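Everything below concerns the one structure shown next.
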Amino acid sequence: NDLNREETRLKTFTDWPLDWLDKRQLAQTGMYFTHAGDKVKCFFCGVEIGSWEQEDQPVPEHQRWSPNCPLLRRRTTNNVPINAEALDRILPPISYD
Amino acid sequence: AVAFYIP
Ligand SMILES: [Zn+2]
């Protein structure tokens with residue numbers, strides 16, 4: 001469960017093929033690299049996303065396919081960020097769906 | 001993007 005740690009997730013992004021898609025923001029928002037193409041997987045909701053298009057963004061795409069992710073929904077999780085404030089800044093604004 | 005796995 002060191003993957004609960006952003007630091008650990010960030011480390012899996014070795015040989016990340018997308019120079020334009022921020023691996024730091026992906027790791028920060030629950031994702032880790034699966035090393036299969038460009039697909040990443042959220043450690044908190046389990047969604048797997050790949051075939052990224054340059055118009056795609058880390059958080060919105062994540063919310064799009066997993067609107068109920070505990071991390072994005074801002075409910076408690078075992079996530080250990082590197083910088084809490086940076087995480088707060090990027091997570092979707094509180095919105096009761 | 002494409003979701004290969006959906007919760
Ligand atoms: Zn998630």
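All ligand and atom numbering here is 1-based and tracks the order in the structure. Note: hydrogens, waters and symmetry copies are ignored here, and every other heavy atom, side chains too, is used. Throughout, a chain's letter reflects where its sequence line sits, starting with A, and its residues are numbered from 1.
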Hits for side-chain hydrogen bond (donor to acceptor under 3.5 Å, both in side chains) against A:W65, two or more places apart or cross-chain, chain-then-number order -> A:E61
Between A:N79 and A:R9, is there a side-chain donor-acceptor contact under 3.5 Å, judged purely by atom types and distance?
yes
Under 2.8 Å from the Zn ion (ligand 1), the protein N, O or S atoms found are A:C42 SG, A:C45 SG, A:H62 NE2, A:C69 SG
Across all chains, not counting sequence neighbours, the salt bridge (charged side-chain N to carboxylate O under 4.0 Å, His left out) partners of A:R73 are none
Between A:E48 and B:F4 (side chain of the first, backbone of the second, donor and acceptor by atom type, cut-off under 3.5 Å), is there such a pair?
no
Under the rule for salt bridge (charged side-chain N to carboxylate O under 4.0 Å, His left out), what residues qualify as partners of A:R24, not counting sequence neighbours?
none
Any donor-acceptor N/O pair, A:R74 side chain to A:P92 backbone, under 3.5 Å
yes
